[PDB]
Amino acid sequence: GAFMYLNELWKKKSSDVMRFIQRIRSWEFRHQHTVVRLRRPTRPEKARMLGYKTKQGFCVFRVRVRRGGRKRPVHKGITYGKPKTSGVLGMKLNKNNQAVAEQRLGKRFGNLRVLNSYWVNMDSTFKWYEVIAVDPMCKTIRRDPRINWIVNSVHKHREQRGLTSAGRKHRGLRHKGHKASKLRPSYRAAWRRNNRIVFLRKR
Amino acid sequence: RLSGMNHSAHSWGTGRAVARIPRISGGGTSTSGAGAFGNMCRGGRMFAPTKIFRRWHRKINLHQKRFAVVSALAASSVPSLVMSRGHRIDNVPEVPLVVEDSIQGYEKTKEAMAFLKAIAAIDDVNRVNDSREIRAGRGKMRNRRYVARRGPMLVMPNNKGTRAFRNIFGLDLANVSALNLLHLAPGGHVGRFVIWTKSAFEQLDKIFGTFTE
Amino acid sequence: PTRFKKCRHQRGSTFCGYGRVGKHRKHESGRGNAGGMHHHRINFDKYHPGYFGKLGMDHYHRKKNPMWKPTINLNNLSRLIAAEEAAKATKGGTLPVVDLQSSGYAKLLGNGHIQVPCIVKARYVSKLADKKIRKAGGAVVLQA
Amino acid sequence: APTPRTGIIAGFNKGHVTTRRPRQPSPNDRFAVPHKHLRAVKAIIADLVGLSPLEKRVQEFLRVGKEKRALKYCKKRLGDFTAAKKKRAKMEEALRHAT
Amino acid sequence: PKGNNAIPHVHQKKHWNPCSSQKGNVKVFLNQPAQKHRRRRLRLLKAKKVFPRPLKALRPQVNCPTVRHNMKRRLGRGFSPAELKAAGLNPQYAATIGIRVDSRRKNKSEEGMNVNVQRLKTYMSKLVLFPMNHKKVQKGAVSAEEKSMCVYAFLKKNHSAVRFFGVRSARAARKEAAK
RNA sequence: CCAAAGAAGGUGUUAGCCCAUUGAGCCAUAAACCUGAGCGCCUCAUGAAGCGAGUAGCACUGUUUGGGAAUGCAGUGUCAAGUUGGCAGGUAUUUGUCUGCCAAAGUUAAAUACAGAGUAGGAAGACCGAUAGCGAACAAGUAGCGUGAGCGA
RNA sequence: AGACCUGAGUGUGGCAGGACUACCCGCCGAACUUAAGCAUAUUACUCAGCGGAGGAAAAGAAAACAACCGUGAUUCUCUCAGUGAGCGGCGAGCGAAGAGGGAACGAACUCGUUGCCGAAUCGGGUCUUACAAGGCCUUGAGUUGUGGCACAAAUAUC
C-alpha cells in the first residue's frame with residue numbers, strides 16, 4: 001500500500017535521509033513566524049489519520065512552541081510561604097507543548113475550530129506542530145455528514161478545555177479504568193464524588 | 001449562609017477607648033463604625049446559623065410502625081377511650097360501628113348527610129363543624145388560617161366511593177390497605193372514632209393477621 | 001429536643017458547669033489525637049495499648065471476595081433446616097440435604113453434637129467436623 | 001477441548017462443573033499470524049534509509065566479537081531485553097545477508 | 001483526650017460546612033421523593049409513547065463473577081451473537097425487535113448458553129410483530145452411600161496439592177538432579 | 001338552602017350561601033411537537049492483505065495520587081515491536097506458561113450538577129415578623145463616604 | 001512567451017471580538033489553620049488569578065474487570081469502607097478499587113489503514129413551484145486523493 005511505504009518511512013526519523021530532510025526543514029521553519037498556513041500539510045498521510053481530508057473548510061497551520069521546563073513567573077525568583085513551594089525553574093507545567101500548540105491557535109484565530117495536531121520538527125530551541133482546523137460556516141462541511149458535528153456550539157473552543165487528543169493525554173484519559181480511577185471522568189469530578197459529605201434523608 | 005456577614009468590618013482594637021468587637025469600615029453613613037460579625041450586634045449573625053442539613057426525618061423500625069397501628073386500632077374498639085379521646089359517640093349504635101357496602105353508591109352529597117344522621121355520626125361532625133375558629137398564634141400568617149377539631153374518619157376498602165362524602169366538613173376518608181397512625185391517633189392520643197364499612201371491616205383479619213397465623 | 005439539654009438547666013449559673021477557676025476556653029489539650037506520645041501518653045498506653053508501631057507483612061490491593069468463609073457450626077445446623085425435615089431424620093434413614101454456598105456459608109466447623117443428622121454440602125470442612133457428621137449418621141458432600 | 005473442572009474447590013482443576021466450550025475464533029487472532037507484506041515493505045524502507053545511528057554501532061560490536069556489550073548498549077537505549085534481544089538478533093542477521 | 005472513649009477518626013478537616021466564607025461540598029437528599037415521583041412519571045410517559053412495545057428490552061440471565069457470588073444469578077447486558085444464532089436470530093435484527101445484544105460475551109459454557117437460548121425462545125413465541133410495509137400487504141430425598149470417605153483428608157490432599165506444588169517440584173528436581 | 005363545589009382570597013366584626021374562586025366542558029390557533037414512522041400528490045433514493053510512531057516505553061528531574069523499587073502527568077535525553085506481536089493482570093529482575101484486551105483518530109441521548117446565574121411559570125414551609133428577615137417590606141446597591149479600588153445606611 | 005510552487009493586493013460571501021460564569025471543563029495555585037513548637041505532612045491538588053462552553057458539561061462504545069459456574073460502553077445512587085486495603089516526622093492525619101442491590105438505557109456509529117474501485121466527490125451557476133441529498137453545465141477546488149463497497153452484530157458486488 002502507498003500509505004505503508006510512506007508511513008514506514010516516517011517511522012525511521014533518525015535515518016540519514018530523514019535526519020537531513022528534517023534538518024533543512026528545521027532551518028526553514030526557524031526563519032518563519034510562529035503561526036503560518038500551508039496550502040497542504042507536510043505529513044499528508046498523518047494529517048488524514050488525524051482528520052484532514054482535502055476539501056473546502058480544511059486548514060493546516062504550523063505552530064512554534066519554545067521548549068524546556070517552566071520557570072515560575074514570580075518576581076526576582078522570590079517565593080514566600082513554606083519551603084516545599086520554594087522552587088523555580090523546577091516545575092514541569094502540566095499541559096503538553098502540543099496542548100499549547102493547539103491553544104495558540106485557540107485565541108489567535110477565532111472562527112476556526114481545531115481537530116488535532118501532530119509533531120513535525122524538533123530542535124534545540126523550538127518544536128513545531130501542524131494543527132488541523134475546520135470552519136463552522138463552510139457549506140462543504142455543514143452538508144458533510146462526517147464533520148458537521150464540529151459546527152455544533154458545544155465544540156466551539158474545544159482546545160481550550162483540553163478536549164483534543166493532546167488535551168486528553170495530560171488529563172490522564174488514555175488509560176481508561178484502574179490506571180485512572182481517581183481522575184475519571186475528570187479529577188474535579190472524581191474529587192467531588194469522594195469529598196462531598198452526603199446526608200441521606202433518613203439517618 | 002452570608003446573612004449578617006457581608007461587611008468589610010474589622011476591629012479597631014485596644015487604645016481606641018471602645019469595645020473590641022469588629023466594626024464596619026467606611027464613613028458618611030449612619031452605620032459607620034457600628035458593630036458587626038456577631039450575634040450581639042444589631043443585625044449580626046444569628047448565634048449558630050440554622051442549616052438545611054439538620055436531621056429532619058427520623059427512621060422508624062418497620063415492625064414498631066406496624067405494632068403502633070395495630071395497637072391504635074384496639075383503642076378504636078373501646079367506647080370508653082373514645083368517649084374521653086373526645087368524640088360524642090352518644091347515639092352511636094355500636095363500637096366498631098359498621099355500615100353497609102352500598103355506602104359507596106352515593107353520588108349527591110345531600111344523601112351522605114342523612115346517612116351520617118342515621119348512624120348518629122352527625123352529632124360528632126357537628127363538633128368539628130362548630131369548632132372552626134381563626135387561630136391564636138402566628139400560624140394565621142403562615143398558610144394555616146383555621147383550626148378544626150378532628151372528626152369521624154370513615155374507612156372504605158377500595159379507593160372508589162370517595163364521592164358523596166368529599167365536602168363533608170371534618171370527615172376523613174381512608175382506604176383499608178393503607179392506614180396511618182397520624183389519622184388513627186392524631187395528637188398521639190389513641191382511640192379515634194372510626195366508621196368501618198362492611199367490606200372494609202372484613203379485610204382486617206387477612207391484612208393485619210392474627211395470633212398464630 | 002433542646003428543652004431537655006443541660007444548657008437549659010444552666011441558665012443563671014453563668015459558668016455552665018465549666019468552672020470558675022479553670023475556665024472553659026477553647027482547646028486545653030491539643031486538637032484531636034494530638035499528644036499521643038507526649039502529654040496524653042498515659043491515656044493511649046492505658047486504654048489503647050498497641051496504637052503505635054508497624055506489624056506484619058504487607059498486602060496491597062486487598063479484595064475481600066476471593067477470601068470468603070462465613071463458616072458455621074454443627075451445633076447450628078437446625079436453622080438451615082425447615083420444620084418437618086428435621087422431624088423425620090435418623091441414622092441410616094433419609095435425611096435433609098443442607099446446602100451452604102446457597103445458604104450464604106462456606107466452611108463447616110466443629111463445636112457440637114449435631115442436633116439433626118444431615119447431608120451438608122459445604123465448600124470447606126474441618127477435621128473434627130468431618131468425624132462427627134460421618135459418625136452421627138450424616139455425610140459430607142463437598143462442592144465448589 | 002479444555003479439561004472439565006472437578007467439583008472440589010481445590011486445587012487441581014477446581015471449581016463447580018459445567019461443560020466448557022472451546023475459544024471462538026476472534027478478529028484479534030490474526031495478530032500472531034505473520035505479516036508477509038510489511039516484512040516486505042519494512043525491507044525496502046530499511047534498505048532505502050540505510051542504518052540508524054544506534055544500529056550503526058551495535059553493527060560493529062558484532063564484528064569485533066563483543067556480544068554482551070551489543071546487548072547492553074541496546075537495553076540502555078531501549079529499556080527492555082525483549083526489545084534488545086529482538087535487536088541484535090536482527091543485527092546478527094544483517095551481517096549474515098551481506099556476505 | 002479524656003477518658004476511656006474510642007479514638008475518633010472522623011474526617012471532617014477539609015472545608016465542607018458552607019461557612020459564610022466558603023461553599024463546601026455538601027450533598028443533601030431533601031429532593032429524594034420528588035425525584036421518586038419524577039422517575040415514575042417518566043417511566044409511565046415513555047410507556048405511553050412506546051406503546052405497545054414492552055417497556056424494557058429482553059436481557060440474558062447471567063452468572064455473577066466472583067467466588068462470593070457464584071451462587072447468584074442476575075440479568076446481564078446483551079445476548080451474544082452466538083446465542084442468537086442458535087435461536088436463529090441474527091443480530092442487527094433482534095436489535096430492532098427489542099432483544100438487547102452485545103458483541104462482547106464469550107459463552108464459555110454450554111449450560112450457560114442454553115439458559116439464555118430457551119430464554120430467547122419463550123420470548124419469540126409471545127412476540128407479536130406488527131405488519132411493517134403496509135397494513136394490507138401483510139408480509140409473512142438425601143441418602144448416604146459410601147459410609148466413610150474421611151472427607152477432610154481428601155480436601156487437604158487436593159488443597160495442599162497446589163499449595164506445595166512449587167516447592168514439591170523444585171525438591172523433586174534438585175533431589176534427582178543429583179547424579 | 002348548595003355541596004362531583006368546605007378552597008385557605010375580598011368585604012366597615014369571626015362568611016360554604018355578599019363577591020371572586022372552586023369544575024365537567026366550550027371557542028380561537030404561524031411553524032415546530034405528537035399520532036398505521038398521521039394521510040394523498042410530483043420528482044429522489046433505497047432491501048489475499050492490512051488495522052493509527054518522536055507514539056508506547058526507558059533514564060533523569062519535578063509534580064500529583066491510597067498506588068507501595070515509582071497511579072497519572074510534564075520537561076529533556078533515548079526510542080520500540082509488529083515472523084508465534086503488543087499492553088494490562090498493584091514488589092523490582094530474569095525465564096517459561098496462563099487469563100483478558102487491541103493503545104497512540106472522532107462523533108453520541110438518558111440516568112448526574114446548579115454550592116452567590118438567568119428566562120416564563122406553579123407549589124408551598126412545625127422558618128423571621130420592621131434593632132428579626134436579603135444590605136434593601138419604602139424613589140436601595142438609593143442617599144451618603146473615599147483621589148481610587150471600594151464603602152454603604 | 002506561459003505553466004507550477006511559494007507569497008502578496010483588491011472585490012464578493014461570512015465568521016472570531018464582549019457579556020453571563022451557580023453548576024461544568026483546561027491551566028495556574030496559596031497562606032491562616034492542625035501537628036499543642038516547626039521544616040515533610042495537613043489545611044489542599046481548596047480560596048485568589050488566567051482561559052472556555054453548555055442547557056447540562058465531562059466521560060463513553062474496552063489495549064476494561066477479575067482468577068470466577070466468570071462479568072461486558074459511560075455516568076449516577078446504596079453498599080464496598082473511615083477499611084485486619086494502603087499512604088503517613090507510620091505522628092497529626094489521609095484513604096480508594098472490582099464484586100453486589102438499583103437509576104438509565106431501541107445505544108450505538110465514521111474516519112485512517114488494507115483489498116477492490118478511481119472524481120462516481122465538493123463548490124459555483126442555471127433549471128425543474130426547490131440556494132432539492134435532483135437534471136444539466138462548469139481547469140473552478142480536487143489525483144500530494146474527494147468518494148463508493150466489506151471487515152466478526154461479518155461471511156459477494158449489478
# chains A, B, ... in the order shown; residues from 1 in each chain; ligands from 1

$ interface_residues --of "chain D" --to "chain E" --cutoff "10 Å" --atoms "only C-alpha atoms" --output "compact mmCIF listing (two decimals) with N, CA, C and O atoms, in the first residue's frame"
# COMPACT_ATOMS: atom_id res chain seq x y z
N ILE D 8 -14.64 -30.30 43.31
CA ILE D 8 -13.95 -29.88 44.52
C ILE D 8 -13.51 -28.43 44.38
O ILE D 8 -13.40 -27.90 43.27
N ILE D 9 -13.28 -27.77 45.51
CA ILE D 9 -12.92 -26.35 45.48
C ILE D 9 -11.40 -26.19 45.50
O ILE D 9 -10.88 -25.07 45.59
N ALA D 10 -10.67 -27.29 45.43
CA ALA D 10 -9.21 -27.23 45.38
C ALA D 10 -8.60 -28.53 44.85
O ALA D 10 -9.29 -29.54 44.75
N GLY D 11 -7.33 -28.50 44.46
CA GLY D 11 -6.69 -27.32 43.91
C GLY D 11 -6.36 -27.50 42.44
O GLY D 11 -6.16 -26.53 41.71
N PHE D 12 -6.30 -28.75 41.99
CA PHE D 12 -6.11 -29.02 40.58
C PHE D 12 -7.44 -29.06 39.87
O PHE D 12 -8.31 -29.88 40.19
N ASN D 13 -7.60 -28.18 38.89
CA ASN D 13 -8.87 -28.04 38.19
C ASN D 13 -10.00 -27.92 39.20
O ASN D 13 -10.87 -28.79 39.26
N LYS D 14 -9.97 -26.88 40.01
CA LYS D 14 -11.03 -26.66 40.97
C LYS D 14 -12.27 -26.13 40.27
O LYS D 14 -12.26 -25.87 39.07
N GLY D 15 -13.34 -25.97 41.04
CA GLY D 15 -14.49 -25.23 40.57
C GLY D 15 -15.67 -26.08 40.14
O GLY D 15 -15.54 -27.18 39.62
N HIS D 16 -16.85 -25.49 40.32
CA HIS D 16 -18.11 -26.14 40.01
C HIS D 16 -18.20 -26.51 38.54
O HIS D 16 -17.60 -25.86 37.69
N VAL D 17 -18.96 -27.56 38.26
CA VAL D 17 -18.83 -28.27 37.00
C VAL D 17 -19.78 -27.70 35.96
O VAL D 17 -20.98 -27.55 36.20
N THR D 18 -19.23 -27.38 34.79
CA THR D 18 -20.00 -27.10 33.59
C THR D 18 -19.29 -27.78 32.43
O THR D 18 -18.20 -28.32 32.58
N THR D 19 -19.94 -27.79 31.27
CA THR D 19 -19.25 -28.17 30.05
C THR D 19 -18.61 -26.94 29.43
O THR D 19 -19.25 -25.89 29.30
N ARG D 20 -17.34 -27.05 29.07
CA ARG D 20 -16.53 -25.91 28.67
C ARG D 20 -16.39 -25.87 27.16
O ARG D 20 -16.01 -26.86 26.55
N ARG D 21 -16.71 -24.75 26.58
CA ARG D 21 -16.67 -24.58 25.14
C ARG D 21 -15.30 -24.11 24.72
O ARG D 21 -14.68 -23.31 25.42
N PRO D 22 -14.79 -24.57 23.59
CA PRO D 22 -13.50 -24.06 23.10
C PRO D 22 -13.58 -22.56 22.83
O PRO D 22 -14.68 -22.03 22.70
N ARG D 23 -12.44 -21.88 22.76
CA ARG D 23 -12.48 -20.45 22.49
C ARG D 23 -12.84 -20.20 21.03
O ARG D 23 -12.35 -20.89 20.13
N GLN D 24 -13.69 -19.22 20.80
CA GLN D 24 -14.14 -18.94 19.45
C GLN D 24 -13.09 -18.14 18.69
O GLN D 24 -12.37 -17.34 19.29

$ select_by_dssp --residues "range 27-122 of chain C" --states "alpha helix (DSSP H)" --output "NGL selection string"
:C and (41-46)

$ interface_residues --of "chain F" --to "chain B" --cutoff "10 Å" --atoms "only C-alpha atoms (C1' of nucleotides)" --output "list in words"
residues 2, 3, 4, 5, 6, 8, 14, 16, 116, 124, 125, 126, 127, 129, 131, 132, 133, 134, 135, 143, 144, 145, 146, 150, 151, 152 and 153 of chain F

$ interface_residues --of "chain B" --to "chain A" --cutoff "9 Å" --atoms "only C-alpha atoms" --output "count of residues only"
6

$ residues_around --residues "residue 34 in chain A" --least-positions-apart "3" --cutoff "12 Å" --atoms "only C-alpha atoms (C1' of nucleotides)" --output "list in words"
residues 29, 30, 31, 37, 61, 62, 63, 64, 65, 66, 101, 104, 105, 108, 126, 127, 128, 129 and 130 of chain A

$ write_last_selection --atoms "N, CA, C and O atoms" --output "PDB file, in the first residue's frame"
ATOM      1  N   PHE A  29      11.837  26.493   8.829  1.00  0.00           N
ATOM      2  CA  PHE A  29      10.783  26.896   9.750  1.00  0.00           C
ATOM      3  C   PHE A  29      11.304  27.896  10.763  1.00  0.00           C
ATOM      4  O   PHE A  29      10.588  28.825  11.138  1.00  0.00           O
ATOM      5  N   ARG A  30      12.538  27.711  11.229  1.00  0.00           N
ATOM      6  CA  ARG A  30      13.127  28.601  12.220  1.00  0.00           C
ATOM      7  C   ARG A  30      13.039  30.057  11.805  1.00  0.00           C
ATOM      8  O   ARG A  30      12.960  30.931  12.667  1.00  0.00           O
ATOM      9  N   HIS A  31      13.046  30.332  10.511  1.00  0.00           N
ATOM     10  CA  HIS A  31      13.047  31.686   9.991  1.00  0.00           C
ATOM     11  C   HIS A  31      11.649  32.211   9.688  1.00  0.00           C
ATOM     12  O   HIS A  31      11.516  33.267   9.066  1.00  0.00           O
ATOM     13  N   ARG A  37       0.280  29.421   7.665  1.00  0.00           N
ATOM     14  CA  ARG A  37      -0.555  28.446   6.977  1.00  0.00           C
ATOM     15  C   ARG A  37       0.154  27.826   5.787  1.00  0.00           C
ATOM     16  O   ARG A  37       0.889  28.492   5.058  1.00  0.00           O
ATOM     17  N   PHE A  61      -2.311  24.794   9.992  1.00  0.00           N
ATOM     18  CA  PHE A  61      -1.372  25.810  10.423  1.00  0.00           C
ATOM     19  C   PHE A  61      -0.208  25.146  11.134  1.00  0.00           C
ATOM     20  O   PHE A  61      -0.408  24.268  11.969  1.00  0.00           O
ATOM     21  N   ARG A  62       1.003  25.553  10.796  1.00  0.00           N
ATOM     22  CA  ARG A  62       2.156  25.179  11.594  1.00  0.00           C
ATOM     23  C   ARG A  62       2.274  26.124  12.781  1.00  0.00           C
ATOM     24  O   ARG A  62       1.876  27.284  12.705  1.00  0.00           O
ATOM     25  N   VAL A  63       2.814  25.627  13.890  1.00  0.00           N
ATOM     26  CA  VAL A  63       2.998  26.469  15.071  1.00  0.00           C
ATOM     27  C   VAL A  63       4.402  26.274  15.643  1.00  0.00           C
ATOM     28  O   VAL A  63       4.985  25.196  15.508  1.00  0.00           O
ATOM     29  N   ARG A  64       4.980  27.318  16.245  1.00  0.00           N
ATOM     30  CA  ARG A  64       6.168  27.131  17.073  1.00  0.00           C
ATOM     31  C   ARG A  64       5.814  27.028  18.543  1.00  0.00           C
ATOM     32  O   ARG A  64       4.890  27.681  19.025  1.00  0.00           O
ATOM     33  N   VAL A  65       6.565  26.203  19.258  1.00  0.00           N
ATOM     34  CA  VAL A  65       6.499  26.169  20.710  1.00  0.00           C
ATOM     35  C   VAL A  65       7.906  26.174  21.281  1.00  0.00           C
ATOM     36  O   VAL A  65       8.657  25.215  21.091  1.00  0.00           O
ATOM     37  N   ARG A  66       8.276  27.226  22.000  1.00  0.00           N
ATOM     38  CA  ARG A  66       9.557  27.210  22.686  1.00  0.00           C
ATOM     39  C   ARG A  66       9.560  26.143  23.757  1.00  0.00           C
ATOM     40  O   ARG A  66       8.579  25.964  24.478  1.00  0.00           O
ATOM     41  N   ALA A 101       0.356  24.169  21.668  1.00  0.00           N
ATOM     42  CA  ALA A 101       0.387  24.462  20.241  1.00  0.00           C
ATOM     43  C   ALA A 101      -1.011  24.480  19.649  1.00  0.00           C
ATOM     44  O   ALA A 101      -1.262  25.141  18.642  1.00  0.00           O
ATOM     45  N   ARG A 104      -2.519  27.827  21.155  1.00  0.00           N
ATOM     46  CA  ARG A 104      -2.026  29.023  20.489  1.00  0.00           C
ATOM     47  C   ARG A 104      -2.928  29.418  19.335  1.00  0.00           C
ATOM     48  O   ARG A 104      -3.144  30.610  19.107  1.00  0.00           O
ATOM     49  N   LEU A 105      -3.471  28.428  18.640  1.00  0.00           N
ATOM     50  CA  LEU A 105      -4.407  28.684  17.559  1.00  0.00           C
ATOM     51  C   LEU A 105      -5.791  28.944  18.168  1.00  0.00           C
ATOM     52  O   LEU A 105      -6.714  29.371  17.477  1.00  0.00           O
ATOM     53  N   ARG A 108      -5.899  33.155  18.832  1.00  0.00           N
ATOM     54  CA  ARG A 108      -5.431  33.973  17.727  1.00  0.00           C
ATOM     55  C   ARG A 108      -6.419  33.968  16.569  1.00  0.00           C
ATOM     56  O   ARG A 108      -6.727  35.028  16.017  1.00  0.00           O
ATOM     57  N   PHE A 126      13.063  25.299  19.307  1.00  0.00           N
ATOM     58  CA  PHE A 126      11.625  25.283  19.124  1.00  0.00           C
ATOM     59  C   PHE A 126      11.125  23.861  18.935  1.00  0.00           C
ATOM     60  O   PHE A 126      11.899  22.908  18.853  1.00  0.00           O
ATOM     61  N   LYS A 127       9.808  23.725  18.869  1.00  0.00           N
ATOM     62  CA  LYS A 127       9.168  22.479  18.490  1.00  0.00           C
ATOM     63  C   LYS A 127       7.921  22.815  17.691  1.00  0.00           C
ATOM     64  O   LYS A 127       7.095  23.609  18.149  1.00  0.00           O
ATOM     65  N   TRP A 128       7.750  22.211  16.520  1.00  0.00           N
ATOM     66  CA  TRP A 128       6.690  22.601  15.598  1.00  0.00           C
ATOM     67  C   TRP A 128       5.581  21.553  15.584  1.00  0.00           C
ATOM     68  O   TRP A 128       5.853  20.354  15.534  1.00  0.00           O
ATOM     69  N   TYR A 129       4.331  22.013  15.614  1.00  0.00           N
ATOM     70  CA  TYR A 129       3.151  21.169  15.470  1.00  0.00           C
ATOM     71  C   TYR A 129       2.231  21.757  14.412  1.00  0.00           C
ATOM     72  O   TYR A 129       1.939  22.951  14.451  1.00  0.00           O
ATOM     73  N   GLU A 130       1.754  20.927  13.490  1.00  0.00           N
ATOM     74  CA  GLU A 130       0.819  21.377  12.465  1.00  0.00           C
ATOM     75  C   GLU A 130      -0.600  21.089  12.925  1.00  0.00           C
ATOM     76  O   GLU A 130      -0.983  19.933  13.086  1.00  0.00           O
TER      77      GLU A 130
END

$ residues_around --residues "residue 109 in chain C" --least-positions-apart "2" --cutoff "6 Å" --atoms "only C-alpha atoms (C1' of nucleotides)" --output "list in words"
residues 72, 73, 126 and 129 of chain C

$ residues_around --residues "residue 92 in chain F" --least-positions-apart "4" --cutoff "12 Å" --atoms "only C-alpha atoms (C1' of nucleotides)" --output "list in words"
residues 68, 69 and 70 of chain F

$ interface_residues --of "chain E" --to "chain C" --cutoff "6 Å" --atoms "only C-alpha atoms" --output "list in words"
residues 4, 67, 68, 71, 142, 143 and 152 of chain E

$ residues_around --residues "residue 73 in chain A" --least-positions-apart "6" --cutoff "12 Å" --atoms "only C-alpha atoms (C1' of nucleotides)" --output "ChimeraX atom specification"
/A:79,87-91,93 /G:28

$ closest_residue --among "G:90, G:136, G:53, G:122" --to "chain C" --atoms "only C-alpha atoms (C1' of nucleotides)"
G:90

$ residues_around --residues "range 37-39 of chain F" --least-positions-apart "2" --cutoff "12 Å" --atoms "only C-alpha atoms (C1' of nucleotides)" --output "list in words"
residues 132, 133 and 134 of chain E; 34, 35 and 41 of chain F

$ write_last_selection --atoms "N, CA and C atoms (P, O5', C5', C4', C3', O3' and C1' of nucleotides)" --output "PDB file, in the first residue's frame"
ATOM      1  N   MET E 132     -45.270  -4.307   8.854  1.00  0.00           N
ATOM      2  CA  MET E 132     -44.459  -3.120   8.635  1.00  0.00           C
ATOM      3  C   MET E 132     -44.852  -2.384   7.368  1.00  0.00           C
ATOM      4  N   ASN E 133     -44.501  -2.954   6.212  1.00  0.00           N
ATOM      5  CA  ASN E 133     -44.608  -2.237   4.945  1.00  0.00           C
ATOM      6  C   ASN E 133     -45.973  -1.593   4.784  1.00  0.00           C
ATOM      7  N   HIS E 134     -47.034  -2.348   5.030  1.00  0.00           N
ATOM      8  CA  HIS E 134     -48.359  -1.770   4.939  1.00  0.00           C
ATOM      9  C   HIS E 134     -49.295  -2.636   5.763  1.00  0.00           C
TER      10      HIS E 134
ATOM     11  P     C F  34     -42.368  14.478  17.123  1.00  0.00           P
ATOM     12  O5'   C F  34     -43.621  13.696  17.684  1.00  0.00           O
ATOM     13  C5'   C F  34     -43.717  13.405  19.063  1.00  0.00           C
ATOM     14  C4'   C F  34     -45.150  13.227  19.463  1.00  0.00           C
ATOM     15  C3'   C F  34     -45.930  12.254  18.611  1.00  0.00           C
ATOM     16  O3'   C F  34     -45.722  10.914  19.001  1.00  0.00           O
ATOM     17  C1'   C F  34     -47.166  14.245  18.870  1.00  0.00           C
ATOM     18  P     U F  35     -45.672   9.769  17.887  1.00  0.00           P
ATOM     19  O5'   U F  35     -47.112   9.113  17.982  1.00  0.00           O
ATOM     20  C5'   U F  35     -47.556   8.230  16.974  1.00  0.00           C
ATOM     21  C4'   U F  35     -49.030   8.369  16.720  1.00  0.00           C
ATOM     22  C3'   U F  35     -49.480   8.066  15.307  1.00  0.00           C
ATOM     23  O3'   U F  35     -49.619   6.683  15.063  1.00  0.00           O
ATOM     24  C1'   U F  35     -50.480  10.070  16.044  1.00  0.00           C
ATOM     25  P     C F  41     -50.377   9.152  -3.937  1.00  0.00           P
ATOM     26  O5'   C F  41     -49.988  10.447  -4.773  1.00  0.00           O
ATOM     27  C5'   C F  41     -50.854  10.957  -5.773  1.00  0.00           C
ATOM     28  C4'   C F  41     -50.510  12.383  -6.100  1.00  0.00           C
ATOM     29  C3'   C F  41     -49.076  12.621  -6.534  1.00  0.00           C
ATOM     30  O3'   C F  41     -48.863  12.342  -7.903  1.00  0.00           O
ATOM     31  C1'   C F  41     -49.662  14.192  -4.872  1.00  0.00           C
TER      32        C F  41
END

$ interface_residues --of "chain F" --to "chain C" --cutoff "12 Å" --atoms "only C-alpha atoms (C1' of nucleotides)" --output "PDB file with C-alpha atoms (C1' of nucleotides), in the first residue's frame"
ATOM      1  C1'   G F  66      -4.366   5.115  48.739  1.00  0.00           C
ATOM      2  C1'   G F  67      -0.788   3.490  44.494  1.00  0.00           C
ATOM      3  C1'   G F  68       3.803   0.866  47.714  1.00  0.00           C
ATOM      4  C1'   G F  90      -0.937  -3.406  42.477  1.00  0.00           C
ATOM      5  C1'   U F  91       7.143  -5.998  44.931  1.00  0.00           C
TER       6        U F  91
END

$ select_by_dssp --residues "chain A" --states "strand (DSSP E or B)" --output "PyMOL selection string"
chain A and resi 36-38+58-66+70+91+113-122+126-134+197-199+202

$ closest_atom_pairs --of "chain E" --to "chain A" --cutoff "7 Å" --atoms "only C-alpha atoms" --output "JSON lines"
{"residue": "E:25", "atom": "CA", "partner": "A:196", "partner_atom": "CA", "distance": 4.6}
{"residue": "E:26", "atom": "CA", "partner": "A:197", "partner_atom": "CA", "distance": 5.2}
{"residue": "E:27", "atom": "CA", "partner": "A:198", "partner_atom": "CA", "distance": 4.7}
{"residue": "E:28", "atom": "CA", "partner": "A:199", "partner_atom": "CA", "distance": 5.4}
{"residue": "E:29", "atom": "CA", "partner": "A:201", "partner_atom": "CA", "distance": 5.4}
{"residue": "E:30", "atom": "CA", "partner": "A:201", "partner_atom": "CA", "distance": 6.1}

$ interface_residues --of "chain E" --to "chain B" --cutoff "8 Å" --atoms "only C-alpha atoms" --output "PyMOL selection string"
chain E and resi 18-21+28

$ write_last_selection --atoms "C-alpha atoms" --output "PDB file, in the first residue's frame"
ATOM      1  CA  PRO E  18     -20.638  26.195  53.863  1.00  0.00           C
ATOM      2  CA  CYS E  19     -19.368  28.755  56.325  1.00  0.00           C
ATOM      3  CA  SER E  20     -20.156  32.342  55.374  1.00  0.00           C
ATOM      4  CA  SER E  21     -16.659  32.169  53.938  1.00  0.00           C
ATOM      5  CA  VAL E  28     -28.483  16.828  50.558  1.00  0.00           C
TER       6      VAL E  28
END

$ interface_residues --of "chain A" --to "chain G" --cutoff "6 Å" --atoms "only C-alpha atoms (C1' of nucleotides)" --output "number ranges by chain"
A: 49, 110-111, 160-162, 185

$ write_last_selection --atoms "C-alpha atoms" --output "PDB file, in the first residue's frame"
ATOM      1  CA  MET A  49      -5.144   9.738  10.075  1.00  0.00           C
ATOM      2  CA  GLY A 110     -11.414  32.732  16.396  1.00  0.00           C
ATOM      3  CA  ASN A 111     -13.582  31.484  13.550  1.00  0.00           C
ATOM      4  CA  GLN A 160      -9.172  25.458  25.467  1.00  0.00           C
ATOM      5  CA  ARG A 161     -10.906  22.803  27.582  1.00  0.00           C
ATOM      6  CA  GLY A 162      -8.396  20.124  26.683  1.00  0.00           C
ATOM      7  CA  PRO A 185     -14.340  11.349  34.280  1.00  0.00           C
TER       8      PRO A 185
END

$ closest_residue --among "D:63, D:30, D:42, D:72" --to "chain A" --atoms "only C-alpha atoms"
D:42

$ interface_residues --of "chain E" --to "chain G" --cutoff "7 Å" --atoms "only C-alpha atoms (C1' of nucleotides)" --output "PyMOL selection string"
chain E and resi 9-10+14+64-67+70+81+91-92+96+98+103-105
